[PDB]
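In structure tokens, the next block holds one chain alone, the form deposited in one PDB entry.
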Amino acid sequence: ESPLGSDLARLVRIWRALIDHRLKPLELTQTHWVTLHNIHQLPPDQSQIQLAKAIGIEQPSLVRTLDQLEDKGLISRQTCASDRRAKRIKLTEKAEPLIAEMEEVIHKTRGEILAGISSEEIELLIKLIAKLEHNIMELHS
């Protein structure tokens, strides 16, 4: 038969290794990219919880990442006036310079990774991924 579960596992692992590598010259990690990509793509002034839910990671995972970005002056936490419990995640000015460059390395690489795949074979793949994630999300209950 076919070890598809571990084969995906291994795919993601090396895919990470690659992105991690193509970013090292920017002092960045895949894990940073994913968080930044997501801020720069949501209605500004998100709460962390919102952002977390967007990215698909529990809030603690997101905490560590924000902490790191904050110590590189790439993000800002400001307490939510309406809900003094929450925080507004906003990008800094120092951020847009790293983003342009970044989304390129990515873009560049996304192409290099998807070499030889009909945009249909892609959209299909993308369908199945969402479907698999679907079935699993159900057996959770």
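The term rigid core refers to the maximal set of C-alpha atoms that superpose within 1.5 Å between the two forms. Note that residue numbering follows the sequence shown and begins at 1.
Comparing 77 to 85 with 55 to 63, the stretch with the higher mean C-alpha B-factor in the PDB entry is 77 to 85. Higher mean CA temperature factor, per the PDB entry, when comparing 29 to 37 with 90 to 98: 90 to 98. Reading the B-factor column for the CA atoms of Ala17, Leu23, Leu124, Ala9 in the entry, the top value corresponds to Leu124. For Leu114, the recorded CA temperature factor ranks within the highest third of the chain's modelled residues.
What comes next is about the form deposited in another entry, which does not appear here.
Only one of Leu114, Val63, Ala54, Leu26 has its C-alpha shifted by 2 Å or more between the shown form and the other one once the core is superposed, and that residue is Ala54.
With the core held fixed, the Cα of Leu42 is displaced between the shown form and the other one by 2 Å or more.
Cα-Cα spacing of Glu103 to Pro43 is reduced in the other form versus the present form (difference of at least 3 Å).
Relative to the shown form, the Cα atoms of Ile122 and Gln30 move apart by 3 Å or more in the other form.
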